[PDB]
$ cat query.csv   # CSV, C-alpha atoms and all ligand atoms
chain,number,residue,atom,x,y,z
A,31,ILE,CA,21.6,9.9,23.5
A,32,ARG,CA,23.7,10.0,20.3
A,33,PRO,CA,23.8,6.3,19.5
A,34,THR,CA,26.5,4.8,17.3
A,35,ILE,CA,24.0,2.3,15.9
A,36,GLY,CA,20.4,3.5,15.5
A,37,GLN,CA,18.7,6.8,14.6
A,38,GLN,CA,19.3,10.1,16.4
A,39,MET,CA,16.5,11.8,18.3
A,40,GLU,CA,14.2,14.0,16.2
A,41,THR,CA,11.4,16.5,16.7
A,42,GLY,CA,8.3,14.8,17.9
A,43,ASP,CA,10.2,12.2,19.9
A,44,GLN,CA,9.2,11.9,23.5
A,45,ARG,CA,11.9,11.1,26.2
A,46,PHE,CA,10.6,9.0,29.1
A,47,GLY,CA,13.5,8.2,31.4
A,48,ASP,CA,16.2,6.7,29.2
A,49,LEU,CA,13.7,5.6,26.5
A,50,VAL,CA,12.4,7.4,23.5
A,51,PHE,CA,8.9,7.1,22.0
A,52,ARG,CA,7.7,8.3,18.6
A,53,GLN,CA,4.1,8.2,17.3
A,54,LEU,CA,4.1,6.6,13.8
A,55,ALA,CA,0.3,6.5,13.3
A,56,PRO,CA,-2.8,7.3,15.3
A,57,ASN,CA,-2.6,4.0,17.2
A,58,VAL,CA,1.0,3.0,16.7
A,59,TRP,CA,4.2,4.2,18.5
A,60,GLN,CA,7.8,3.1,18.2
A,61,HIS,CA,9.7,2.5,21.4
A,62,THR,CA,13.4,2.9,21.5
A,63,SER,CA,15.8,1.8,24.2
A,64,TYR,CA,19.6,1.9,24.3
A,65,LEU,CA,22.4,-0.4,25.5
A,66,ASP,CA,26.0,0.8,25.9
A,67,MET,CA,28.6,-1.5,24.4
A,68,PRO,CA,32.2,-1.0,25.5
A,69,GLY,CA,34.2,1.2,23.2
A,70,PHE,CA,31.5,0.9,20.7
A,71,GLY,CA,28.9,3.3,22.3
A,72,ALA,CA,25.1,3.3,22.5
A,73,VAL,CA,23.1,0.9,20.3
A,74,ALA,CA,19.4,1.8,19.8
A,75,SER,CA,16.8,-0.9,19.4
A,76,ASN,CA,13.2,-0.2,18.2
A,77,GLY,CA,10.0,-2.0,18.9
A,78,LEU,CA,6.3,-1.1,18.6
A,79,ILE,CA,3.3,-0.3,20.7
A,80,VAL,CA,-0.1,-0.7,19.1
A,81,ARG,CA,-3.4,0.5,20.5
A,82,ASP,CA,-6.2,-1.9,19.5
A,83,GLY,CA,-9.5,-0.7,20.8
A,84,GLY,CA,-9.4,-1.0,24.6
A,85,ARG,CA,-6.1,-2.8,24.9
A,86,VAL,CA,-2.4,-2.3,24.0
A,87,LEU,CA,-0.2,-4.8,22.1
A,88,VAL,CA,3.6,-4.7,22.3
A,89,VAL,CA,6.2,-5.8,19.7
A,90,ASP,CA,9.6,-6.6,21.3
A,91,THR,CA,10.9,-5.8,24.7
A,92,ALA,CA,13.6,-3.3,25.4
A,93,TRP,CA,17.2,-4.5,26.1
A,94,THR,CA,16.6,-4.9,29.9
A,95,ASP,CA,13.8,-5.6,32.4
A,96,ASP,CA,14.2,-2.1,33.9
A,97,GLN,CA,13.8,-0.4,30.4
A,98,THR,CA,10.9,-2.7,29.6
A,99,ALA,CA,9.2,-1.8,32.9
A,100,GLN,CA,9.5,1.9,31.7
A,101,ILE,CA,7.7,1.0,28.5
A,102,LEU,CA,4.8,-0.3,30.6
A,103,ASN,CA,5.0,2.9,32.6
A,104,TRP,CA,4.9,5.1,29.5
A,105,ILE,CA,1.9,3.1,28.2
A,106,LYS,CA,0.1,3.7,31.5
A,107,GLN,CA,0.7,7.4,31.3
A,108,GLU,CA,0.1,8.1,27.6
A,109,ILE,CA,-2.5,5.4,26.6
A,110,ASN,CA,-3.8,4.2,30.0
A,111,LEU,CA,-5.1,0.9,28.6
A,112,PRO,CA,-4.1,-2.7,29.7
A,113,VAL,CA,-1.4,-4.4,27.8
A,114,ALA,CA,-3.0,-7.6,26.5
A,115,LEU,CA,0.0,-9.3,24.9
A,116,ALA,CA,3.6,-8.9,23.6
A,117,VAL,CA,5.2,-10.6,20.7
A,118,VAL,CA,9.0,-10.8,20.5
A,119,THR,CA,10.7,-11.3,17.1
A,120,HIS,CA,13.7,-13.4,17.9
A,121,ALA,CA,15.9,-14.6,20.8
A,122,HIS,CA,18.4,-11.8,21.1
A,123,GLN,CA,18.7,-9.4,24.0
A,124,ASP,CA,17.3,-6.3,22.3
A,125,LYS,CA,14.1,-8.2,21.5
A,126,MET,CA,13.7,-10.5,24.5
A,127,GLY,CA,16.0,-9.0,27.2
A,128,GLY,CA,13.0,-7.6,29.1
A,129,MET,CA,10.8,-10.6,29.3
A,130,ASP,CA,10.8,-10.7,33.1
A,131,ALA,CA,9.2,-7.2,33.2
A,132,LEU,CA,6.4,-8.5,31.1
A,133,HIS,CA,5.9,-11.7,33.0
A,134,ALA,CA,6.1,-9.8,36.4
A,135,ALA,CA,3.2,-7.7,35.1
A,136,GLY,CA,1.1,-10.7,34.1
A,137,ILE,CA,1.3,-9.9,30.4
A,138,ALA,CA,0.9,-12.8,28.0
A,139,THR,CA,4.0,-13.2,25.8
A,140,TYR,CA,4.5,-14.9,22.4
A,141,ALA,CA,7.4,-15.9,20.3
A,142,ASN,CA,8.4,-18.2,17.5
A,143,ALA,CA,8.5,-21.7,18.9
A,144,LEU,CA,12.2,-21.8,17.8
A,145,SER,CA,12.8,-18.5,19.7
A,146,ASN,CA,11.5,-20.1,22.8
A,147,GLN,CA,13.6,-23.3,22.2
A,148,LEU,CA,16.7,-21.2,21.7
A,149,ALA,CA,16.1,-18.8,24.5
A,150,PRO,CA,17.9,-20.7,27.3
A,151,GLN,CA,21.0,-21.0,25.2
A,152,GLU,CA,20.8,-17.3,24.3
A,153,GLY,CA,20.5,-16.3,27.9
A,154,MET,CA,16.9,-15.2,27.4
A,155,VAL,CA,13.7,-16.0,29.3
A,156,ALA,CA,11.3,-17.9,27.0
A,157,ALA,CA,7.9,-16.4,26.1
A,158,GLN,CA,4.9,-18.0,27.6
A,159,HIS,CA,3.5,-19.1,24.3
A,160,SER,CA,4.8,-20.4,21.0
A,161,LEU,CA,3.9,-19.3,17.5
A,162,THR,CA,4.1,-21.8,14.6
A,163,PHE,CA,4.0,-21.1,10.9
A,164,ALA,CA,2.7,-22.6,7.7
A,165,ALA,CA,5.0,-23.4,4.8
A,166,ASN,CA,4.2,-20.1,3.2
A,167,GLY,CA,5.5,-18.3,6.3
A,168,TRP,CA,2.2,-17.0,7.7
A,169,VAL,CA,1.5,-17.7,11.4
A,170,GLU,CA,-0.9,-20.5,12.1
A,171,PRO,CA,-3.8,-18.4,13.5
A,172,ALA,CA,-4.5,-20.9,16.3
A,173,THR,CA,-1.1,-20.0,17.8
A,174,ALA,CA,-1.7,-16.2,17.6
A,175,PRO,CA,-4.9,-15.8,19.6
A,176,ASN,CA,-6.5,-12.4,19.7
A,177,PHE,CA,-3.6,-10.8,17.9
A,178,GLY,CA,-5.9,-8.1,16.5
A,179,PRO,CA,-4.1,-6.0,13.9
A,180,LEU,CA,-0.8,-7.8,14.4
A,181,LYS,CA,-0.2,-10.0,11.3
A,182,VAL,CA,2.8,-12.2,12.0
A,183,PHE,CA,5.0,-13.6,9.2
A,184,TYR,CA,8.0,-15.8,9.3
A,185,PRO,CA,10.1,-14.9,6.2
A,186,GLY,CA,12.6,-17.6,6.5
A,187,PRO,CA,16.1,-17.6,8.1
A,188,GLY,CA,18.1,-14.4,7.7
A,189,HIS,CA,19.3,-12.3,10.6
A,190,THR,CA,18.7,-15.4,12.7
A,191,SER,CA,17.0,-18.7,11.9
A,192,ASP,CA,14.0,-17.7,14.2
A,193,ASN,CA,13.4,-14.1,13.2
A,194,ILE,CA,9.8,-13.1,12.6
A,195,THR,CA,8.1,-10.0,11.2
A,196,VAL,CA,4.9,-8.2,12.0
A,197,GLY,CA,2.5,-6.2,9.9
A,198,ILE,CA,0.1,-3.8,11.5
A,199,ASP,CA,-3.3,-4.2,9.8
A,200,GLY,CA,-5.2,-1.0,9.1
A,201,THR,CA,-1.9,1.0,8.8
A,202,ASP,CA,0.9,1.4,6.3
A,203,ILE,CA,3.4,-0.1,8.7
A,204,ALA,CA,5.3,-3.4,8.7
A,205,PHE,CA,8.0,-4.3,11.2
A,206,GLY,CA,11.0,-6.1,9.9
A,207,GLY,CA,12.8,-6.4,13.2
A,208,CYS,CA,16.5,-7.0,12.9
A,209,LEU,CA,16.1,-8.6,9.5
A,210,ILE,CA,15.8,-5.3,7.6
A,211,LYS,CA,18.2,-2.4,7.7
A,212,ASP,CA,17.4,1.0,6.2
A,213,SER,CA,18.5,2.1,2.7
A,214,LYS,CA,21.5,3.9,4.0
A,215,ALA,CA,23.0,0.9,5.8
A,216,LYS,CA,26.5,-0.2,4.8
A,217,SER,CA,26.2,-3.7,6.3
A,218,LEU,CA,23.8,-6.2,7.8
A,219,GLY,CA,25.8,-6.1,11.0
A,220,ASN,CA,27.7,-9.0,12.6
A,221,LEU,CA,26.1,-12.0,11.0
A,222,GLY,CA,27.3,-14.5,13.5
A,223,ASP,CA,23.8,-16.0,14.0
A,224,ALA,CA,22.8,-15.4,10.4
A,225,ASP,CA,21.8,-17.7,7.5
A,226,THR,CA,23.8,-16.0,4.8
A,227,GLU,CA,22.5,-18.4,2.1
A,228,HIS,CA,18.8,-17.7,2.7
A,229,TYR,CA,19.0,-14.1,4.0
A,230,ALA,CA,18.2,-12.4,0.6
A,231,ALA,CA,15.2,-14.6,-0.1
A,232,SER,CA,13.9,-14.0,3.4
A,233,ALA,CA,14.2,-10.2,3.1
A,234,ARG,CA,12.3,-10.4,-0.2
A,235,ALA,CA,9.7,-12.7,1.3
A,236,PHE,CA,9.0,-10.1,4.0
A,237,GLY,CA,8.5,-7.5,1.3
A,238,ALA,CA,6.1,-9.8,-0.6
A,239,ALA,CA,4.2,-10.7,2.6
A,240,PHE,CA,3.3,-7.0,3.3
A,241,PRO,CA,3.2,-5.7,-0.3
A,242,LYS,CA,1.3,-2.4,0.5
A,243,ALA,CA,3.3,-1.4,3.6
A,244,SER,CA,5.0,2.0,2.9
A,245,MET,CA,6.6,2.5,6.3
A,246,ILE,CA,9.1,-0.1,7.2
A,247,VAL,CA,10.0,-0.1,10.9
A,248,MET,CA,13.1,-1.9,12.0
A,249,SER,CA,15.1,-2.6,15.1
A,250,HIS,CA,18.3,-0.6,14.3
A,251,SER,CA,17.3,2.2,11.9
A,252,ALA,CA,14.6,4.9,11.9
A,253,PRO,CA,11.6,4.0,9.8
A,254,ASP,CA,12.2,4.0,6.0
A,255,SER,CA,10.4,3.4,2.8
A,256,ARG,CA,10.2,0.0,1.0
A,257,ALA,CA,13.6,0.7,-0.4
A,258,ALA,CA,15.0,-0.6,2.9
A,259,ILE,CA,13.7,-4.1,2.0
A,260,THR,CA,15.2,-4.1,-1.5
A,261,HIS,CA,18.5,-2.5,-0.4
A,262,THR,CA,18.8,-5.1,2.4
A,263,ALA,CA,18.0,-8.0,0.0
A,264,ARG,CA,20.6,-6.7,-2.5
A,265,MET,CA,23.2,-6.4,0.3
A,266,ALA,CA,22.3,-10.0,1.3
A,267,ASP,CA,22.7,-11.1,-2.3
A,268,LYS,CA,26.4,-10.5,-2.0
A,269,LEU,CA,26.7,-13.0,0.8
A,270,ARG,CA,26.0,-16.0,-1.5
B,301,LIG,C1,23.4,-8.3,23.3
B,301,LIG,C2,23.1,-8.9,21.9
B,301,LIG,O1,22.6,-8.0,20.9
B,301,LIG,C3,23.2,-7.8,19.7
B,301,LIG,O2,24.5,-7.9,19.7
B,301,LIG,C4,22.5,-7.4,18.4
B,301,LIG,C5,21.1,-8.0,18.6
B,301,LIG,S1,20.2,-8.1,16.9
B,301,LIG,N1,23.2,-7.8,17.2
B,301,LIG,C6,24.1,-6.9,16.6
B,301,LIG,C7,24.5,-7.1,15.1
B,301,LIG,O3,23.6,-7.8,14.5
B,301,LIG,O4,25.5,-6.5,14.7
B,301,LIG,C8,23.5,-5.4,16.7
B,301,LIG,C9,24.6,-4.4,17.0
B,301,LIG,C10,22.7,-5.0,15.5
B,301,LIG,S2,22.4,-5.6,18.2
B,302,ZN,ZN,19.2,-10.1,16.6
B,303,ZN,ZN,18.7,-6.4,17.0

$ encode --input "query.csv" --output "structure tokens"
Amino acid sequence: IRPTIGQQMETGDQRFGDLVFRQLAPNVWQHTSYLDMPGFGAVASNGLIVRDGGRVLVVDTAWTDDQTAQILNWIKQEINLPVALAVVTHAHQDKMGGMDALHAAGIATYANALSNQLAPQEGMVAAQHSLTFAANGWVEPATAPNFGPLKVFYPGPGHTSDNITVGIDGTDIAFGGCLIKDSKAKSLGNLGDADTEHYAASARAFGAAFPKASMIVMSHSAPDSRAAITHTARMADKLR
């Protein structure tokens, strides 16, 4: 695909059906799925796959159940370990559109409690479990059982009021989801669900929560350096 929004395909990318997978680190891969929007073309959305010992952890579904089932198929082929859990980073179609494929496979799913509360209104299937957060934004660990290397952080409202972010312990990788755009981005996208007053602070909070991450993975750009966080925050400063 040659998406209008999202990175092009590069050497080292693997095509598996209509999905693209890229290894980012020895136990981390980016999954990419595409949704065609009329007149506007293909929009890429990225999530993560993490191998944690004898199990696999997933961050975000694909746009659709069928695509998300193909993520599970790719995992079976390339990793061949059971998927223990998935965490989805807000209640939009690119992040939660494939929940049914996860639940059909018996995979435990997790989301911000607010994401689960909003899911019906957003046309999404709620996750099976709800994460809650301390006042400093870090997940309450009782609500993130056996998350292994996944360090979940709620940076505050930005892209949506429920957006969460995930650091991958033992790697240089932090996932900003749809909150962060890369340093070449010209806009933060549509902003219809956004908190334009708090966006900038939330972007900076994400950077401060994962201060040593050097590879920033995001939903709608290829991985970038930490400049993606600052550039996003500075674009968000102009919304106030
Ligand atoms: C089907 C709903 O999914 C969307 O429309 C997203 C989800 S974040 N929002 C858009 C935006 O923020 O402009 C986008 C093009 C980045 S994908
Ligand atoms: Zn979104
Ligand atoms: Zn998105």

$ closest_atom_pairs --input "query.csv" --of "chain A" --to "ligand ZN 302 (chain B)" --cutoff "10 Å" --atoms "all atoms listed in the file" --output "CSV"
residue,atom,partner,partner_atom,distance
A:75,CA,B:ZN302,ZN,9.9
A:119,CA,B:ZN302,ZN,8.6
A:120,CA,B:ZN302,ZN,6.5
A:121,CA,B:ZN302,ZN,7.0
A:122,CA,B:ZN302,ZN,4.9
A:123,CA,B:ZN302,ZN,7.4
A:124,CA,B:ZN302,ZN,7.1
A:125,CA,B:ZN302,ZN,7.3
A:126,CA,B:ZN302,ZN,9.6
A:188,CA,B:ZN302,ZN,9.9
A:189,CA,B:ZN302,ZN,6.4
A:190,CA,B:ZN302,ZN,6.6
A:192,CA,B:ZN302,ZN,9.5
A:193,CA,B:ZN302,ZN,7.8
A:207,CA,B:ZN302,ZN,8.1
A:208,CA,B:ZN302,ZN,5.5
A:209,CA,B:ZN302,ZN,7.9
A:219,CA,B:ZN302,ZN,9.5
A:220,CA,B:ZN302,ZN,9.5
A:221,CA,B:ZN302,ZN,9.1
A:222,CA,B:ZN302,ZN,9.7
A:223,CA,B:ZN302,ZN,7.9
A:224,CA,B:ZN302,ZN,8.9
A:249,CA,B:ZN302,ZN,8.7
A:250,CA,B:ZN302,ZN,9.8

$ residues_near_point --input "query.csv" --point "(17.0, -15.7, 5.1)" --cutoff "10 Å" --atoms "all atoms listed in the file" --output "list in words"
residues 184, 185, 186, 187, 188, 189, 190, 191, 192, 193, 209, 224, 225, 226, 227, 228, 229, 230, 231, 232, 233, 234, 235, 236, 263 and 266 of chain A

$ closest_residue --input "query.csv" --among "A:105, A:172, A:35, A:182" --to "ligand ZN 303 (chain B)" --atoms "only C-alpha atoms and all ligand atoms"
A:35

$ residues_around --input "query.csv" --residues "residue 62 of chain A" --least-positions-apart "4" --cutoff "10 Å" --atoms "only C-alpha atoms" --output "PyMOL selection string"
chain A and resi 36-37+39+43+45+48-52+73-78+91-93+97+101+249-250+252

$ atom_distance --input "query.csv" --atom1 "atom CA of residue 81 of chain A" --atom2 "atom CA of residue 257 of chain A"
26.9 Å

$ residues_near_point --input "query.csv" --point "(2.1, -13.3, 27.2)" --cutoff "9 Å" --atoms "all atoms listed in the file" --output "ChimeraX atom specification"
/A:114-117,132-133,136-140,157-159

$ atom_distance --input "query.csv" --atom1 "atom CA of residue 248 of chain A" --atom2 "atom CA of residue 194 of chain A"
11.7 Å

$ residues_around --input "query.csv" --residues "residue 204 of chain A" --least-positions-apart "2" --cutoff "8 Å" --atoms "all atoms listed in the file" --output "PyMOL selection string"
chain A and resi 195-198+202+206+240+243-247

$ atom_distance --input "query.csv" --atom1 "atom CA of residue 218 of chain A" --atom2 "atom CA of residue 151 of chain A"
23.0 Å

$ residues_around --input "query.csv" --residues "residue 84 of chain A" --least-positions-apart "2" --cutoff "12 Å" --atoms "all atoms listed in the file" --output "number ranges by chain"
A: 57, 80-82, 86-87, 109-114, 178

$ write_last_selection --input "query.csv" --atoms "C-alpha atoms" --output "PDB file, keeping the file's coordinate frame"
ATOM      1  CA  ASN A  57      -2.600   4.000  17.200  1.00  0.00           C
ATOM      2  CA  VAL A  80      -0.100  -0.700  19.100  1.00  0.00           C
ATOM      3  CA  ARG A  81      -3.400   0.500  20.500  1.00  0.00           C
ATOM      4  CA  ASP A  82      -6.200  -1.900  19.500  1.00  0.00           C
ATOM      5  CA  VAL A  86      -2.400  -2.300  24.000  1.00  0.00           C
ATOM      6  CA  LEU A  87      -0.200  -4.800  22.100  1.00  0.00           C
ATOM      7  CA  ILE A 109      -2.500   5.400  26.600  1.00  0.00           C
ATOM      8  CA  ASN A 110      -3.800   4.200  30.000  1.00  0.00           C
ATOM      9  CA  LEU A 111      -5.100   0.900  28.600  1.00  0.00           C
ATOM     10  CA  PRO A 112      -4.100  -2.700  29.700  1.00  0.00           C
ATOM     11  CA  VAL A 113      -1.400  -4.400  27.800  1.00  0.00           C
ATOM     12  CA  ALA A 114      -3.000  -7.600  26.500  1.00  0.00           C
ATOM     13  CA  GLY A 178      -5.900  -8.100  16.500  1.00  0.00           C
TER      14      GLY A 178
END

$ closest_residue --input "query.csv" --among "A:145, A:269, A:153, A:44" --to "residue 108 of chain A" --atoms "all atoms listed in the file"
A:44

$ closest_residue --input "query.csv" --among "A:102, A:210, A:258, A:165" --to "ligand ZN 303 (chain B)" --atoms "all atoms listed in the file"
A:210

$ residues_around --input "query.csv" --residues "residue 216 of chain A" --least-positions-apart "5" --cutoff "10 Å" --atoms "only C-alpha atoms" --output "list in words"
residues 211, 261, 262 and 265 of chain A

$ closest_residue --input "query.csv" --among "A:264, A:181, A:256, A:61" --to "residue 88 of chain A" --atoms "all atoms listed in the file"
A:61

$ closest_residue --input "query.csv" --among "A:215, A:58, A:156, A:239" --to "ligand LIG 301 (chain B)" --atoms "only C-alpha atoms and all ligand atoms"
A:215

$ build_atoms --input "query.csv" --residues "segment 153-165 of chain A" --atoms "N, CA, C and O atoms" --output "PDB file, keeping the file's coordinate frame"
ATOM      1  N   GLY A 153      20.579 -17.053  26.726  1.00  0.00           N
ATOM      2  CA  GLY A 153      20.500 -16.300  27.900  1.00  0.00           C
ATOM      3  C   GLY A 153      19.226 -15.481  28.093  1.00  0.00           C
ATOM      4  O   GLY A 153      19.185 -14.511  28.870  1.00  0.00           O
ATOM      5  N   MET A 154      18.166 -15.889  27.399  1.00  0.00           N
ATOM      6  CA  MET A 154      16.900 -15.200  27.400  1.00  0.00           C
ATOM      7  C   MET A 154      15.848 -16.015  28.170  1.00  0.00           C
ATOM      8  O   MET A 154      15.928 -17.241  28.256  1.00  0.00           O
ATOM      9  N   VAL A 155      14.854 -15.316  28.701  1.00  0.00           N
ATOM     10  CA  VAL A 155      13.700 -16.000  29.300  1.00  0.00           C
ATOM     11  C   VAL A 155      12.713 -16.264  28.121  1.00  0.00           C
ATOM     12  O   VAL A 155      12.379 -15.370  27.338  1.00  0.00           O
ATOM     13  N   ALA A 156      12.251 -17.514  28.033  1.00  0.00           N
ATOM     14  CA  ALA A 156      11.300 -17.900  27.000  1.00  0.00           C
ATOM     15  C   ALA A 156       9.984 -17.177  27.166  1.00  0.00           C
ATOM     16  O   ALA A 156       9.553 -16.943  28.298  1.00  0.00           O
ATOM     17  N   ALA A 157       9.306 -16.878  26.060  1.00  0.00           N
ATOM     18  CA  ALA A 157       7.900 -16.400  26.100  1.00  0.00           C
ATOM     19  C   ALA A 157       7.012 -17.491  26.651  1.00  0.00           C
ATOM     20  O   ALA A 157       7.338 -18.679  26.634  1.00  0.00           O
ATOM     21  N   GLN A 158       5.829 -17.077  27.101  1.00  0.00           N
ATOM     22  CA  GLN A 158       4.900 -18.000  27.600  1.00  0.00           C
ATOM     23  C   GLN A 158       4.223 -18.881  26.575  1.00  0.00           C
ATOM     24  O   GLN A 158       3.745 -19.977  26.885  1.00  0.00           O
ATOM     25  N   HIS A 159       4.188 -18.408  25.332  1.00  0.00           N
ATOM     26  CA  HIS A 159       3.500 -19.100  24.300  1.00  0.00           C
ATOM     27  C   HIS A 159       4.298 -19.101  23.015  1.00  0.00           C
ATOM     28  O   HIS A 159       5.169 -18.249  22.813  1.00  0.00           O
ATOM     29  N   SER A 160       4.031 -20.101  22.178  1.00  0.00           N
ATOM     30  CA  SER A 160       4.800 -20.400  21.000  1.00  0.00           C
ATOM     31  C   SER A 160       3.966 -20.208  19.736  1.00  0.00           C
ATOM     32  O   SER A 160       2.887 -20.809  19.637  1.00  0.00           O
ATOM     33  N   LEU A 161       4.477 -19.445  18.781  1.00  0.00           N
ATOM     34  CA  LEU A 161       3.900 -19.300  17.500  1.00  0.00           C
ATOM     35  C   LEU A 161       4.453 -20.382  16.546  1.00  0.00           C
ATOM     36  O   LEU A 161       5.645 -20.695  16.625  1.00  0.00           O
ATOM     37  N   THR A 162       3.609 -20.927  15.664  1.00  0.00           N
ATOM     38  CA  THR A 162       4.100 -21.800  14.600  1.00  0.00           C
ATOM     39  C   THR A 162       3.586 -21.245  13.274  1.00  0.00           C
ATOM     40  O   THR A 162       2.687 -20.393  13.214  1.00  0.00           O
ATOM     41  N   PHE A 163       4.178 -21.745  12.201  1.00  0.00           N
ATOM     42  CA  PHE A 163       4.000 -21.100  10.900  1.00  0.00           C
ATOM     43  C   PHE A 163       3.726 -22.167   9.835  1.00  0.00           C
ATOM     44  O   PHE A 163       4.176 -23.312   9.920  1.00  0.00           O
ATOM     45  N   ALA A 164       2.920 -21.763   8.861  1.00  0.00           N
ATOM     46  CA  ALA A 164       2.700 -22.600   7.700  1.00  0.00           C
ATOM     47  C   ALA A 164       3.891 -22.508   6.751  1.00  0.00           C
ATOM     48  O   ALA A 164       4.793 -21.678   6.897  1.00  0.00           O
ATOM     49  N   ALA A 165       3.885 -23.396   5.758  1.00  0.00           N
ATOM     50  CA  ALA A 165       5.000 -23.400   4.800  1.00  0.00           C
ATOM     51  C   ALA A 165       5.135 -22.158   4.005  1.00  0.00           C
ATOM     52  O   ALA A 165       6.222 -21.910   3.465  1.00  0.00           O
TER      53      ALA A 165
END
